[PDB]
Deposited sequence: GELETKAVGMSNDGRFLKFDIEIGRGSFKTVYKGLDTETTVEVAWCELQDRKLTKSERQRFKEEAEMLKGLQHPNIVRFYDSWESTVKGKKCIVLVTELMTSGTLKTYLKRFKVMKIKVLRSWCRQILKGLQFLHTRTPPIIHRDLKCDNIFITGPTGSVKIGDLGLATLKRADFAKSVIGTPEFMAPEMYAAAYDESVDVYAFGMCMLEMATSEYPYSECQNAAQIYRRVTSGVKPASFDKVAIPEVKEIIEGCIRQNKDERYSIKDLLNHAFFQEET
């Protein structure tokens, strides 16, 4: 029985917590138009500058237009008062990929191959939009498994973005202009985590140690533990220091490893 409702009446909320984050709580809900169960997410209240809420309002209109089989569906968003912002997405039945990896040690390469191809197809959708969407937070916790066939979808786009010149600019300003290639780097880290069932840069104690590492040529210790050389070679071409030397997503999907269907 419902404890909350959308203004249009389409979406119902049930008081059954299915996920928990530090600034967001995920409840089970229902789409009464399609009679499918949905995910009802309550996010912590945020500042209401007039220009910001017109931006959120219009960014959510774009998000609910993004229909693709390897992206978690965004249905609606509106403001409410449980004490906040309410978000309704597609319900992922089999949890996150990190949950699968936390349960087993050696993923089989048919699954490595199938699940990564879907992640790439989903990233390729985002990067060919107008303007393109850069996810910026691709990780195994933001990748979900759902349905009877075990379909793989990318979710949680909360940190994504769209798309004179200063004379005396500091080096951080010059390298600050990044592009979709940061998602290729992140994909390579996810594939590394799938092929090793180890967290990359586990040995480190902070993110400061992590940066100085990639820069001198020290890849995660888990990289030199990758069994299949074809997978290893895909990973290094994904996490290359210089972005202009990396795979594009299209070349990844043209790779012999992903052209196989097994």
(message) Should a student be asked to find the unmodelled regions, what ranges of the deposited sequence would be the right answer here?
(response) 1 to 5, 89 to 91, 172 to 180
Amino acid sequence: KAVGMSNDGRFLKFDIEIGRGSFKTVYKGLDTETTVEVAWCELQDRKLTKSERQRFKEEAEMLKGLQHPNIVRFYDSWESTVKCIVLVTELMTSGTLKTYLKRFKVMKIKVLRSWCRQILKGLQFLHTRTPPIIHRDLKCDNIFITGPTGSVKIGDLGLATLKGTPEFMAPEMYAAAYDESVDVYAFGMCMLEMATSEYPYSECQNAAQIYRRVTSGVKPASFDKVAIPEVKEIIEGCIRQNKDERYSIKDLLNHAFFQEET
From here on, numbers count along this sequence of modelled residues.
(request) May I ask you to compare 14 to 22 and 247 to 255 by their mean CA B factor in the entry and name the higher one? (result) 14 to 22
(request) Please work out which of 113 to 121 and 170 to 178 has the higher mean CA B-factor as recorded in the PDB entry. (result) 170 to 178
(message) According to the Cα B-factor stored in this entry, which of the following is highest: 93, 149, 89, 128?
(response) 149
(request) Using the temperature factors in the entry, find which of 194, 38, 208, 234 has the highest value at its Cα atom. (result) 208
(message) Looking at the temperature factor on the CA atom of residue 78, which third of the chain's modelled residues does it land in?
(response) highest
(request) Comparing against every modelled residue in the chain, figure out the third that the C-alpha B-factor of residue 97 lands in (lowest, middle or highest). (result) middle
(request) Looking at the entry's B-factor column for C-alpha atoms only, identify whether residue 200 ranks in the lowest, middle or highest third of its chain. (result) middle
(request) Please rank the C-alpha B-factors of the chain's modelled residues and tell me whether residue 70 sits in the lowest, middle or highest third. (result) lowest
(request) Compare the C-alpha B factor of residue 84 with those of the other modelled residues in its chain, then answer lowest, middle or highest third. (result) highest
